[PDB]
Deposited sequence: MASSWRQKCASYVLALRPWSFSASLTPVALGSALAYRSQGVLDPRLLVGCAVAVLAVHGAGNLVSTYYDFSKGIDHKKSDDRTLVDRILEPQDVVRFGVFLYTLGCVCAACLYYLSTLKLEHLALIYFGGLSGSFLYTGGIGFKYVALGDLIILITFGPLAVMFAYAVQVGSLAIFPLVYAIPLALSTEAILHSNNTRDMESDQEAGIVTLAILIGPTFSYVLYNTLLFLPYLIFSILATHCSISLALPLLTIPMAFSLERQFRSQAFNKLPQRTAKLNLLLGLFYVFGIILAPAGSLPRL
């Protein structure tokens, strides 16, 4: 039944999935709403599914690397069920993108450029980097997946491309990196004994701690700047600083929850912003 394959479907997710895939889309649509004043639900759902599907396909590209050793769901898995699901997810993504073209007023070339350059660019280098350096390749993915999802959603919504969504989507990329780094630090010794290398293993424990703290606290500086210099109504994400201090004092579920709340308040900040008070908006 469906519940017996929900375990198969949870294989393509990670603790940083909701944030990295679904927060950008909401931000992008909020920016599109602020810029133009008309939002479309159909395109919003389409962008959400397309970005989530592509991210899932990439997670399965990584999941397949856990068959080298018995790292491994309440069933027997083997390397056909992963391949089939990867193909199905990516095909779903492409069908969604085709639907978005048909519904939206964006040019096919720009849509293809974003969707096959940015979102699906991970597949071009990942695969044949080995099983050891799968975690190191993830940083570059999560740096270049956060902003591109925002802009993809924004462009599809409005009908023309723009540069500023990449600038507005820095905090989300940083907080997502903090989640990934935190989860890497959590599995330091296991990865060390297994032969896997991550950033936390390479830089050491104290540098991983300072890097964690940097990646956690940069968003709040960016929100304070963007508050005091552009629009005061954007200052909501500073309200969750007690949680950030609690996280810093207790050093990934709580980090993931923090990111979720940061993202929510950042979207509520963007929506409530006055008309004309935001750069290029």
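So which bits of the deposited chain never got modelled?
Residues lacking C-alpha coordinates: 1-3, 76-84, 264-271.
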